[PDB]
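Residue numbers (the numbering used here), protein chains in the order written: chain A, 36 to 207; chain D, 4 to 53; chain H, 135 to 452; chain Z, 324 to 635; chain E, 10 to 352; chain G, 11 to 22; chain P, 827 to 832.
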């Protein structure tokens, strides 16, 4: 199955985000950090190891997808390259984001970050950096990601995902 | 509140920069005098002092 | 003799300060009334200096020094890496009536006749075990007290645990002595080595599993892949059991299998490899791999069959 | 100017451009000026790697005074009570000596050695090694008054390393920093050393991995015969005389699949820590041991460019 | 000579402490003090005198002293009460320490220089420089420190390096400061979090040093370009954003991918206080660029230079309009937006 | 300064 | 096959 951006009608004051990665503990911590605060909207977080998802009918529509990659592991990079082939091209227009973990400790790194830079540039999407094991750093990334989610869902007038594409575009 | 904080910092910066300007003027006068003095101010002569 | 004095001094110097009194009490060679004369508040060096003088004033042989060595050894017993032996008997042979004195005499005589100079000690341990310390020598050399051999023999049973220090030279002789003294025909060495003698004992006697069945949150987060997580948890629980795992620290595999993956298809010879696993608590690190996502749900049987097969070193062929 | 060229050179270090490929190391005959008895001394020793900024006003003409002053400083440092005269004869000794034939090109500065000898000849207690092999990138951006020796190797106790480093930092205005090798570079070293041709294989090739599992610990070792590893490499190598990133990825992937077939364990999720082969062995903490005298310059050149990148 | 008698030894040591100058330390007197130390041992008053001798002639003595206790006992002297009457009548480390230039200067010398033989000029010792009038006389000839990072917290040496523009000193400072910043940073190169306050204090010292000298260091620019992508936008907001203001004038197109592409991505997804902070920092950057450009015309072409500042102004106008749209017309942001256009 | 003031407004 | 013959 191929995931589609506008398959279902939106809910009332609701935003949904999907996190795809191999490390489950990091995903759980990130979801908790996102949900701890209070906001005007209603938030829902879905956790998955890879795509395609198991089939279900009650799934609400997905507004934003974040691919988190561990720089200390080749397995995570291979998993994300495999997952990237099951989402339709229409869904990359301002609704996909890449998150890279572990650049703080360079000695542990198995992946040269030229690789993730080139991957993000190839798929026309932003690339973010955060060390998710540190709670203080994770807290601010959760809020930035919540704001991006609110923009994508249509909860800020005058700004849409396609507009967000030009704001976050890199010069080279 | 932000405007009040900005004004306080401006006053402190003003006094500090005034002090720096005074010191730097003194140094400039010293350099001018020294260069003037130096501008105002061979084997046979050298062998003489030895 | 100066040699026995040096031996006793070295053995005492090995002992930690806080537990020196218990060792001295168990050894009880020195009279009790002599002990309170010495003060243990002062420096370790002064205490050993005084103890040497007290044990020298009385007559001290080499046998009591060996006994002190055995007593010190069975307290630590993790300073050496142990190995296991197994003895077998004939089908028609009747059950024997074990006698300690006869066992001591036979194990004495075999060594005494094969070599010439050799010192062997005994310390009959509670819970049906025997501790033996052997100092090796020959016709033309005096026994070497620096490199002894310890063996723990459980009477009425086919198993004996030995320490691998210098036994390589005289392995068949000790095998014969053990198999003769206890009335057994054959002996073989089990390929299972460890530094934890109690874990080895629990595995060998297979008594690590002692459970017998008798009758006398933030709902906003949605966890997909939940069925896979529950299935891997169930498989791990089934495969690794629910008992506390015995504590090992090492495992070795030798591989002689063919490479099967375009790449080396024409090659007809095996690919030669040797791999080792090391951990402070092995079999506990392995149990946690699959839930963490580093391994598949069922591990290969080579990893989950250590205690059941009583095996530590493996060899695999195609 | 040199300051502007340095600034430009650092700022063009961006991640848009792809990293290049590498030539297979070629066995090279040792230079005639090279001293065999010193080279035999350097091999089969466990060194610790550091990076070093240029030394300010270092002169090769007067090494005797450097040695004498360092000797006095070391002697006075150990006994923190009482004073020491400079010219006396103490318990230990310090000698400055120059290595020859260890420079990559004619532009590089000459290497030299510092040793602590316990006179009682004497017995060597501590030795440190300054070298620069193929360092034309750093030399362009630095003026004449400086000396560029970006790589420092130490063998001995750390407490002596601290003292010698403190003396050098105070005297020549330099900065010592530890050098680390990550898994990415270490897996490149494995393949490049396997590619080199060897007449006789003294030792097997081994890799060491570290598994991250919360409170628990685990290490896995993987040893394989050198001829088998050479055949495995020859299976995937198709670019003549060069090593490409895809070839390294395939070479590692073969081992990953071979291990996973037997043990059902993903070796990709783990962290590579140590690589040992017939030419050298390396550790992520920054330790190197060299076993073959033919391939010394290649190893030194790799480590030199790594240290150059760490300071620029 | 009175040091020989044991009765007067502690008091003579105190007197010799004050009178000692460079001419007084001679090699034969150095041997006498060492001989006295063998006979009497570790006398505290001798340890003080020996250290003073090492400072003047480091090429002769080497002393390492444990750590500062008072070596000379401060016993109440008999005239202490009277001195009060007389006084009434009279009244009525991350940064290196300061040390003289390294003593490998000269070192092995065949003979004294001809200029030294004729007693011509010289240099000013670093220990003597302790007051501004002393600096005024001898600004042209000075002795530099062994380690150039010690100038950072010395005000009198900052006046010297305000107008030098010499290359070796610039390179020495560059290497020291770049290595130090790399090692001490928080989210970059091993992610150290223990320093926390130490890094903030160091950054404050750097900022206060470059407010003087009216320009920024080259090391700081490299540190920003390297560490900006990994920054989360909150760790050291004040000091990090105050380092941005001191970026040298350059064409806008060149530094845009290096700095502003990351700043804008961090800008649109953060809180309103981050937006106000970056508007403040960009206003200060514009003021600094204008200040440096104006003096040049008194002295790239002028037409090229104005293009860069105009592109910066248009860039920040785009930022402001989109920010107003995202924040739903908050007046707190509008005050800062108008503050920029006031300048 | 104004930047530290904005920080402490953030803190509350 | 786990070779048990060594």
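Every residue, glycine too, gets a C-beta built ideally from N, C-alpha and C.
**Prompt:** Whose Cβ in chain E lies nearer than 7 Å to the Cβ of residue 396 of chain Z?
**Reply:** Under the 7 Å cutoff, chain E gives 71.
- Could one say the Cβ of residue 414 of chain H lies closer than 7 Å to chain Z's Cβ atoms, at least one of them? The C-beta of residue 414 of chain H comes closer than 7 Å to at least one C-beta of chain Z.
* Among Z:519, Z:474, Z:521, Z:478, which one has its Cα closest to the Cα of residue 502 of chain Z? -> Measuring C-alpha to C-alpha distances from residue 502 of chain Z to each of Z:519, Z:474, Z:521, Z:478 identifies Z:474 as the nearest.
Cβ of residue 164 of chain A less than 7 Å from any chain E Cβ? For residue 164 of chain A, the nearest CB of chain E lies under 7 Å from its own CB, placing it at the interface with that chain.
- Query: So, does the CB of residue 83 of chain A fall closer than 7 Å to a CB anywhere in chain H?
  - Reply: Taking Cβ atoms only, chain H reaches closer than 7 Å to residue 83 of chain A, which makes this a yes.
**Item:** CB contact below 7 Å: residue 329 of chain H versus chain A
**Value:** Put simply, the CB of residue 329 of chain H is far from chain A, with every gap to its CB atoms at 7 Å or more.
Cβ closer than 8 Å: which chain A residues qualify as neighbours of residue 196 of chain E? Within 8 Å Cβ-Cβ: 139, 166, 172.
Give the residues of chain A in contact with residue 399 of chain Z, contact being defined as C-beta atoms less than 9 Å apart. Neighbours of residue 399 of chain Z on chain A: none; closest Cβ ~37 Å, over 9 Å.
> How many angstroms separate the CA atom of residue 49 of chain D from the CA atom of residue 121 of chain E?
Replying inline: Cα to Cα, residue 49 of chain D sits roughly 16 Å from residue 121 of chain E.
Practice item. Starting from residue 265 of chain H, trace the beta strand (DSSP E) both ways and give me its first and last residue. Key: Where residue 265 of chain H is concerned, the enclosing beta strand (DSSP E) stretches over 263 to 269.
Give the residues from the segment 343 to 364 of chain H that approach chain A closer than 7 Å (Cβ to any Cβ), ordered along the chain. If you check each beta-carbon in the segment 343 to 364 of chain H against every beta-carbon of chain A, the ones closer than 7 Å belong to 352, 354, 355, 356, 357, 358, 359.
Please report whether the beta-carbon of residue 541 of chain Z lies at a distance below 7 Å from any beta-carbon of chain H.
With 7 Å as the cut-off, residue 541 of chain Z counts as an interface residue toward chain H.
*So residue 349 of chain E packs on residue 265 of chain E, CB below 8 Å; how close in whole Å?*
The Cβ separation is near 18 Å, so there is no contact.
By the 10 Å Cβ neighbour count, where 16 or more other Cβ atoms means buried, how is residue 251 of chain E classified, buried or exposed? Result: buried.
Check: Taking the C-alpha atoms as reference points, what is the distance between residue 209 of chain H and residue 201 of chain H?
Finding: If you draw a straight line from the Cα of residue 209 of chain H to the Cα of residue 201 of chain H, it comes to about 13 Å.
ask   = Whose C-beta lies closer than 8 Å to the C-beta of residue 88 of chain A among residues of the same chain, with five residues either side of it excluded?
value = Same-chain partners within the cutoff: 36, 38, 94.
Alpha-carbon spacing of residue 20 of chain D relative to residue 46 of chain D, whole angstroms
So the alpha carbons of these two residues sit roughly 52 Å apart.
Flag this pair as touching only if the segment 194 to 204 of chain A and the segment 134 to 146 of chain A have three or more C-beta atom pairs under 8 Å; answer yes or no. By the Cβ test, the segment 194 to 204 of chain A is not in contact with the segment 134 to 146 of chain A, since fewer than three Cβ pairs between them sit closer than 8 Å.
### Task
Give me the Cβ distance between residue 58 of chain A and residue 105 of chain A, rounded to the nearest whole Å; I'm assuming they're in contact under 8 Å.
About 6 Å separates the beta carbon of residue 58 of chain A from that of residue 105 of chain A, a gap short enough to meet the 8 Å contact definition.
| field | residue 501 of chain Z - partner residues in DSSP beta bridges | value | Paired residue(s): Z:373.
In chain A, which residues lie with their C-beta within 8 Å of the C-beta of residue 209 of chain E? Those do not exist, as residue 209 of chain E stays about 15 Å from chain A at its closest Cβ, beyond 8 Å.
*Report yes if the CB atom of residue 615 of chain Z is closer than 7 Å to the CB atom of residue 602 of chain Z, and no otherwise.*
In this structure, residue 615 of chain Z sits near residue 602 of chain Z, with a CB-CB distance shorter than 7 Å.
Short Cβ contact (7 Å threshold) for residue 384 of chain H with residue 412 of chain H: For the pair residue 384 of chain H and residue 412 of chain H, the CB atoms are nearer than the 7 Å cut-off.
- Message: Mapping the DSSP letters down to three states, classify residue 348 of chain E as helix, strand or coil.
- Response: In this structure, DSSP gives residue 348 of chain E a helical state, which the three-state scheme calls helix.
* Could you round the C-beta distance between residue 333 of chain Z and residue 529 of chain Z to whole angstroms and report it? I think they count as a contact, below 8 Å. => The distance from the Cβ of residue 333 of chain Z to that of residue 529 of chain Z is about 38 Å, inconsistent with a contact at the 8 Å cut-off.
Query - Cutoff 6 Å; reference residue 44 of chain D; Cβ partners in own chain excluding five residues on either side - result: For residue 44 of chain D, where only same-chain residues beyond five positions count, there are no Cβ hits under 6 Å.
Which whole-angstrom value describes the C-beta separation of residue 556 of chain Z and residue 518 of chain Z, a residue pair presumed to lie in contact below a C-beta threshold of 8 Å? About 6 Å separates the two Cβ atoms, so the contact holds.
Beta strand (DSSP E) segment containing residue 408 of chain H, residue limits: If you look at residue 408 of chain H, you'll find it in the beta strand (DSSP E) that goes 407 to 416.
I'd like to confirm something about residue 548 of chain Z: is its beta-carbon nearer than 6 Å to some heavy atom of the ligand NAP, or not?
The ligand NAP is not part of the structure shown, which contains no ligands of any sort.
Return helix, strand or coil for residue 324 of chain H, following the three-state DSSP convention.
Here residue 324 of chain H carries a strand assignment [DSSP, helix/strand/coil].
Using CA coordinates, which residue listed in E:20, E:54, E:202, E:70 is at the minimum distance from residue 78 of chain E?
The shortest Cα separation from residue 78 of chain E among E:20, E:54, E:202, E:70 belongs to E:54.
### Task
Would you give the residue range spanned by the beta strand (DSSP E) that residue 438 of chain Z belongs to?
Membership of residue 438 of chain Z in the beta strand (DSSP E) is indicated by the continuous run 435 to 441.
| said: Buried or exposed, going by whether 16 or more other CB atoms sit within 10 Å of the CB of residue 172 of chain E? | reply: Exposed, by the Cβ-count rule.
- Query: Quick one, are the C-beta atoms of residue 403 of chain Z and residue 75 of chain E less than 7 Å apart?
  - Reply: Using a Cβ distance threshold of 7 Å, residue 403 of chain Z and residue 75 of chain E count as a contacting pair.
Mind pulling the chain G residues with CB within less than 8 Å of residue 12 of chain D?
Listed by position along chain G, the residues whose Cβ is nearer than 8 Å to that of residue 12 of chain D are 11, 12.
Using a Cβ-Cβ cut-off of 7 Å, state whether residue 188 of chain E counts as contacting chain Z.
At a cut-off of 7 Å between beta carbons, residue 188 of chain E contacts chain Z.
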